[PDB]
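1. Next one to model:
(6 chains, ligands or ions: 60)
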Amino acid sequence: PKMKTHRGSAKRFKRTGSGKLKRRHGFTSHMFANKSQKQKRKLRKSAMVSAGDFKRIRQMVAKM
Amino acid sequence: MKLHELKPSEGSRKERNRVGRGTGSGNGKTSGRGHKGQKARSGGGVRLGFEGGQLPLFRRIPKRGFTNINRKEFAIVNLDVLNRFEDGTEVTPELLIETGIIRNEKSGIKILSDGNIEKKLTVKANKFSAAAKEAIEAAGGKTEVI
Amino acid sequence: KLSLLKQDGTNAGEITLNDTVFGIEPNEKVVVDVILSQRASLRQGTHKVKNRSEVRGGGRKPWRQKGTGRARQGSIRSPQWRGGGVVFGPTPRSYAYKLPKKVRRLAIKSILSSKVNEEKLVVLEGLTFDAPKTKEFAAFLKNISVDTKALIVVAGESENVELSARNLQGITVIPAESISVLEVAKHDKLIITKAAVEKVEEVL
Amino acid sequence: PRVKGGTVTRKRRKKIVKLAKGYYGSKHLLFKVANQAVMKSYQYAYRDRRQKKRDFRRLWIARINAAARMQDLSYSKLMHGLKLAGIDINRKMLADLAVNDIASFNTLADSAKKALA
RNA sequence: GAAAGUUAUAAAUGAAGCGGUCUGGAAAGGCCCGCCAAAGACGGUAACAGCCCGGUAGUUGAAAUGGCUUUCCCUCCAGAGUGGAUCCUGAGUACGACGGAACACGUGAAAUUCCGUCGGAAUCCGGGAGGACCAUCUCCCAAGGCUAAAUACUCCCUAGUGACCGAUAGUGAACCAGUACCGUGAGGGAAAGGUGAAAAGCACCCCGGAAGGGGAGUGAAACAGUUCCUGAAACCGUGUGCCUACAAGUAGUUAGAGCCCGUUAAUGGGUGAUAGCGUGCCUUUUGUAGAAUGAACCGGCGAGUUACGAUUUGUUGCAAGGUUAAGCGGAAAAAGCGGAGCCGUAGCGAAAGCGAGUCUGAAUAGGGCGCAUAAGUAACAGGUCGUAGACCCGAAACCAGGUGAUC
RNA sequence: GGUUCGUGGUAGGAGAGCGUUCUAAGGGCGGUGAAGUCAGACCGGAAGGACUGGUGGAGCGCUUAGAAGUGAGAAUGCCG
Ligand SMILES: [Mg+2]
Ligand SMILES: [Mg+2]
Ligand SMILES: [Mg+2]
Ligand SMILES: [Mg+2]
Ligand SMILES: [Mg+2]
Ligand SMILES: [Mg+2]
Ligand SMILES: [Mg+2]
Ligand SMILES: [Mg+2]
Ligand SMILES: [Mg+2]
Ligand SMILES: [Mg+2]
Ligand SMILES: [Mg+2]
Ligand SMILES: [Mg+2]
Ligand SMILES: [Mg+2]
Ligand SMILES: [Mg+2]
Ligand SMILES: [Mg+2]
Ligand SMILES: [Mg+2]
Ligand SMILES: [Mg+2]
Ligand SMILES: [Mg+2]
Ligand SMILES: [Mg+2]
Ligand SMILES: [Mg+2]
Ligand SMILES: [Mg+2]
Ligand SMILES: [Mg+2]
Ligand SMILES: [Mg+2]
Ligand SMILES: [Mg+2]
Ligand SMILES: [Mg+2]
Ligand SMILES: [Mg+2]
Ligand SMILES: [Mg+2]
Ligand SMILES: [Mg+2]
Ligand SMILES: [Mg+2]
Ligand SMILES: [Mg+2]
Ligand SMILES: [Mg+2]
Ligand SMILES: [Mg+2]
Ligand SMILES: [Mg+2]
Ligand SMILES: [Mg+2]
Ligand SMILES: [Mg+2]
Ligand SMILES: [Mg+2]
Ligand SMILES: [Mg+2]
Ligand SMILES: [Mg+2]
Ligand SMILES: [Mg+2]
Ligand SMILES: [Mg+2]
Ligand SMILES: [Mg+2]
Ligand SMILES: [Mg+2]
Ligand SMILES: [Mg+2]
Ligand SMILES: [Mg+2]
Ligand SMILES: [Mg+2]
Ligand SMILES: [Mg+2]
Ligand SMILES: [Mg+2]
Ligand SMILES: [Mg+2]
Ligand SMILES: [Mg+2]
Ligand SMILES: [Mg+2]
Ligand SMILES: [Mg+2]
Ligand SMILES: [Mg+2]
Ligand SMILES: [Mg+2]
Ligand SMILES: [Mg+2]
Ligand SMILES: [Mg+2]
Ligand SMILES: [Mg+2]
Ligand SMILES: [Mg+2]
Ligand SMILES: [Mg+2]
Ligand SMILES: [Mg+2]
Ligand SMILES: [Mg+2]
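-> Numbers count the residues shown, from 1 in each chain, chains lettered A, B, ... in the order given. Ligands and ions are numbered 1, 2, ... in the order given. Let me share the structure:
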């Protein structure tokens, strides 16, 4: 059988033009009174999946 | 080749490694696996993204976006490809499809503006970029949308 | 380029062969790859053994887990038992594979040019027999000095050619669309008539 | 195809059994104890091939000392005098001379005595 | 119900060397000469046979019964246009509420289909669907039934095939095997092949009650004599060359006299008084001679494999391109055909979209991701990963159908 | 072919090879004795390979590739 894509991470990651994976920051749901405006302003942008995590999660999104 | 002197290309074939056949090969007793863990057992190992109990990375970042059902994606043609049709020729989607430059028109043909052209052509296309627009009309040609 | 013989063993003029077919520089690695590919796709692969789940019997645990002084066992059809099942062994399986089309054309091209290089290729204008007669075929093979295994390529000339040559041990006849890399390599000489040469030039 | 293991195991075990000829009891009959005996014998040979040189040098030194004490000289003084006189004869040849050419040994000892004073 | 043809179930005919000679128990083998071939497949015959035998290629043959294909016989048959006033076109159903299930779809924004229970239409100026629903448009007529081929499997029969096994293997079973044996029962379930070409299977004599032997005889071989080809190791003995009854020994190794031999001939072989040094193998451990584990000994068997995907390296073909899949064709071939599809050549954005750029932003600001700064793709081989028992053996336990109150 | 620096090693990484069964092609030996088996004081850096003699009584190597049921001293391992 052909191997299956991790569907839970295909909804979170995007593949860039160089093959890397682009993600979103993760402290942006519901406690905005407890974090300052600089923090909130920087958390709303996108980020990159680091090398250590990419080593681990390559297979899961191979055909995504 | 005489069938008794067959010599395959050098470096194209290697010798398979067999593990667990004595200590002289370096892959003997434990067979490249170490000593007494979960990873030393038959069929043993963790999932692809398991982290031993810590929350996986994908579950501490949020989902984003939706998918459009009516998404339209066009077949992209730059300008330098057009340089190898003789001037005065009517560039039309069927000419492109049978020239082999377009494998399949996904939702139509769009002309982009990479490269330079220098010959008078009249182009038939579904969509144009502005740069490609003045690029075609600066060589005396004309562009009309099908 | 070549001398054209007849069925009688004499000369009948000259024959030219297409240079792009019989005159290229052979590519030996490609030929080796295609010979291996063609010989690997001839095998049936009808072989099988029985796991520990297919040997008849089993199920019952032979004796208790503890207290009896013997080694822990779980079935009488375990791999280390005398009548037990095989661990991995063979399974029914196919071996066929094919190389890209252009490589397979270059291989026949090269192996067919190599015969011209070694002077092992014979062209004769026509080959026909009134009735099947293996004695006459042996006499013809004696007239054209071969005295070894040969592959004769024919066309729509005479069906008696094939019948009167299947008893000779090292002789094979193919009808000019069945030409193969592994058939050409398997034999020593190569006798081909003019019409067959024309067909071979047309195809490739 | 199936590869049954015939003719190859016996040939390999019989060599090890043959290497242990002359060993007491079942050490020259059974493969498992013969294997260990052969391995241990190889290790012992490797070590004694180093110890042999030391043993022979000690024997030569004792023999030279015994032969030189009859000239009213220690081994220590004799060796010092020989080095100081320029003579470069090793202990093997000196022991040979001491055993069966005692006159030449006495000559060398006299030269060593000359060198010391 | 007949006629014809074909086929299945017995079979007939079928070419060419007793060729010479050597070894041999025996020629099919070696050497020197001939022939047949639409027949050089296979097996047997005193060792390896195209020309010795059964046969093989080819050509023939069916009284009888069955299958198949045509033809006759036999049987049975209305189909077009125009008006369509008026009538018909599947009722306790279609739907709806409640409770469940099937749909990739877990009640969800839940269309579609089915079951139980209640309520309950319209009927051509009619009805359903197009993923809640309404309007418009498009497509289609439920609540009756039947239908070959393309597809799945093999207890069987015929003809063959194998980089499948070769008596601990291959079916549990190559042999009177689901037998012997075990259990109240359901049920579990073995071991066991080989004289020789041909029984020519040892007439007769001797020891003995017999068995068993020693001769004799047959045979190429009896050290092939009824577990009978070969006949390893553990294990049990007989004879002898060197050593051994004042010695403390993981049994050897290094030095070494004495005695006895004579080789794949080389600074050779056997045994060794005496001297120095020396606490087995494995596993698991910070650390084992370990008073921690395993093994009585010998022999056989016994553990990283295969399929389909992912990724990276090596090799080969083509190269801004590369490549076919199912299938047709054919000899369980090789070409040829097959461009549907897949990867690459353009990215950015949640998306509309823009495009060598794009997104955020009021911004021609700054910043993120990209281009400049372009090599991919098909196949094979090595490494690793995923789904599969997935490296081999090992639980206590759980569920489903049955068999047991002869204790 | 030379100069310099090196060559203890468990888990482990990398490389080069020996040997077994089968297949294809070339080329061989064998009733004037094949495989197997027994004994030797021979050869190679290792895994290993020859030669000679006895027993045996009909099959077996070599070279270049290919494919694996591919090598056992231990599992209170299974069978004899
Ligand atoms: Mg995108
Ligand atoms: Mg929010
Ligand atoms: Mg290797
Ligand atoms: Mg190691
Ligand atoms: Mg071990
Ligand atoms: Mg372990
Ligand atoms: Mg540990
Ligand atoms: Mg571990
Ligand atoms: Mg397991
Ligand atoms: Mg959210
Ligand atoms: Mg079972
Ligand atoms: Mg069970
Ligand atoms: Mg016990
Ligand atoms: Mg079995
Ligand atoms: Mg076999
Ligand atoms: Mg074995
Ligand atoms: Mg001794
Ligand atoms: Mg020293
Ligand atoms: Mg005949
Ligand atoms: Mg003869
Ligand atoms: Mg015989
Ligand atoms: Mg409902
Ligand atoms: Mg209902
Ligand atoms: Mg509707
Ligand atoms: Mg739809
Ligand atoms: Mg809709
Ligand atoms: Mg039906
Ligand atoms: Mg046997
Ligand atoms: Mg059996
Ligand atoms: Mg009973
Ligand atoms: Mg017999
Ligand atoms: Mg008697
Ligand atoms: Mg015998
Ligand atoms: Mg026999
Ligand atoms: Mg014996
Ligand atoms: Mg005393
Ligand atoms: Mg004494
Ligand atoms: Mg000696
Ligand atoms: Mg440790
Ligand atoms: Mg401890
Ligand atoms: Mg003790
Ligand atoms: Mg333990
Ligand atoms: Mg024990
Ligand atoms: Mg694995
Ligand atoms: Mg390439
Ligand atoms: Mg083909
Ligand atoms: Mg920017
Ligand atoms: Mg791979
Ligand atoms: Mg288990
Ligand atoms: Mg139950
Ligand atoms: Mg029940
Ligand atoms: Mg009852
Ligand atoms: Mg009662
Ligand atoms: Mg080292
Ligand atoms: Mg390695
Ligand atoms: Mg063999
Ligand atoms: Mg022999
Ligand atoms: Mg094995
Ligand atoms: Mg054992
Ligand atoms: Mg036992």
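2. so residue C:87 touches residue C:81, yeah?
-> No. Applying Cβ atoms under 8 Å as the test, residue C:87 and residue C:81 come out as separate, 12.0 Å apart. In this view, the C-beta of every residue, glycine as well, is placed from N, C-alpha and C.
3. These two: who's more crowded?
-> The residue with the greater number of neighbours, taking residue C:87 and residue C:81 and applying other Cβ atoms under 10 Å in any protein chain shown, is residue C:81; the counts read 15 against 10.
4. host element of the closest residue to the more buried one other than its chain neighbours?
-> If you skip the residues right next to it in sequence, residue C:81 has residue C:75 as its closest partner in space, 7.8 Å away by Cβ to Cβ, 6 or more residues apart in numbering or on different chains. When elements are defined using DSSP states H and E, residue C:75 is found to belong to no helix and no strand.
5. Just want the phi and psi numbers for residue C:75.
-> Dihedral pair for residue C:75: phi -170, psi 160, per degrees, to the nearest 10.
6. next one: residue C:132
-> Here the main-chain torsion angles of residue C:132 (degrees, to the nearest 10) amount to phi -60, psi 130.
7. What of residue B:113?
-> phi -130, psi 50.
8. ok, now residue A:60?
-> Main-chain torsions, residue A:60, degrees, to the nearest 10: phi -70, psi -30.
9. Repeat that for residue B:76.
-> Summarising the backbone geometry of residue B:76 under the convention degrees, to the nearest 10, its torsions are phi -100, psi 130.
10. for residue B:124, same thing?
-> With angles defined as degrees, to the nearest 10, residue B:124 sits at phi -110, psi 120.
11. and if you look at the one 3 residues further on?
-> For residue B:127, the backbone dihedrals (degrees, to the nearest 10) come out as phi -140, psi 150.
12. residue nearest the centroid of the chain?
-> The chain I'm using is chain A. The central residue of chain A, meaning the one whose C-alpha is nearest the mean C-alpha position (Cα atoms, centre = their mean), is residue A:23 at 2.5 Å.
13. let's do chain D instead
-> residue D:52 (2.5 Å).
14. ok so it is a helix residue?
-> Yes. Remark: residue D:52 belongs to a helix, assigned using DSSP: H, G, I helix; E, B strand; the rest coil.
15. Residue B:12 versus that one, what's the distance?
-> 54 Å (Cβ to Cβ, to the nearest Å).
16. For the closest residue to chain C within chain A, the count of nearby residues, please.
-> Relative to chain C, the nearest point of chain A is residue A:1 (17.3 Å; Cβ to the nearest Cβ). Burial of residue A:1 is recorded as 3 neighbouring residues (other Cβ under 10 Å).
17. before we move on, what about residue B:123?
-> With other Cβ under 10 Å as criterion, residue B:123 counts 24.
18. hey, what's it bridged with?
-> Bridge pairing for residue B:123 (DSSP bridges) gives the partners residue B:91, residue B:143.
19. from what I can see it touches residue B:95, true?
-> No. Here residue B:123 lies out of contact with residue B:95, judged by Cβ under 8 Å, at a distance of 10.3 Å.
20. From residue C:51, how far off is whichever residue of chain B sits closest to RNA strand E?
-> Chain B approaches RNA strand E most closely through residue B:43 (2.3 Å), counting by Cβ to the nearest atom of the strand. Separation of residue B:43 from residue C:51 (Cβ to Cβ) stands at 16 Å.
21. quick one, which of these two is more surrounded?
-> Shown here are residue B:43 and residue C:51; by other Cβ under 10 Å, residue C:51 has more neighbours (15 against 4).
22. Could you report the distance from the closest residue to the more buried one other than its chain neighbours to residue D:103?
-> Spatial nearest neighbour of residue C:51, excluding adjacent residues (Cβ to Cβ, 6+ apart): residue C:85 at 4.9 Å. Distance of residue C:85 to residue D:103, computed by Cβ to Cβ: 88 Å.
23. out of the two, which sits in the more crowded spot?
-> The neighbour count for residue C:85 versus residue D:103, taken as other Cβ under 10 Å, is higher for residue C:85 (18 against 7).
24. Can you classify that one as helix, strand or coil?
-> Three-state assignment for residue C:85 (three-state DSSP): coil.
25. who's in contact with it?
-> C:49, C:50, C:51, C:52, C:53, C:54, C:55, C:77, C:78, C:79 (Cβ atoms under 8 Å, 6 or more residues apart in numbering or on different chains).
26. Next, count neighbours for residue 30.
-> Looking at chain A here, since you left the chain open. Here the number of neighbours of residue A:30 (other Cβ under 10 Å) works out to 7.
27. should've been chain D
-> The burial metric for residue D:30, expressed as a neighbour count using other Cβ under 10 Å, is 13.
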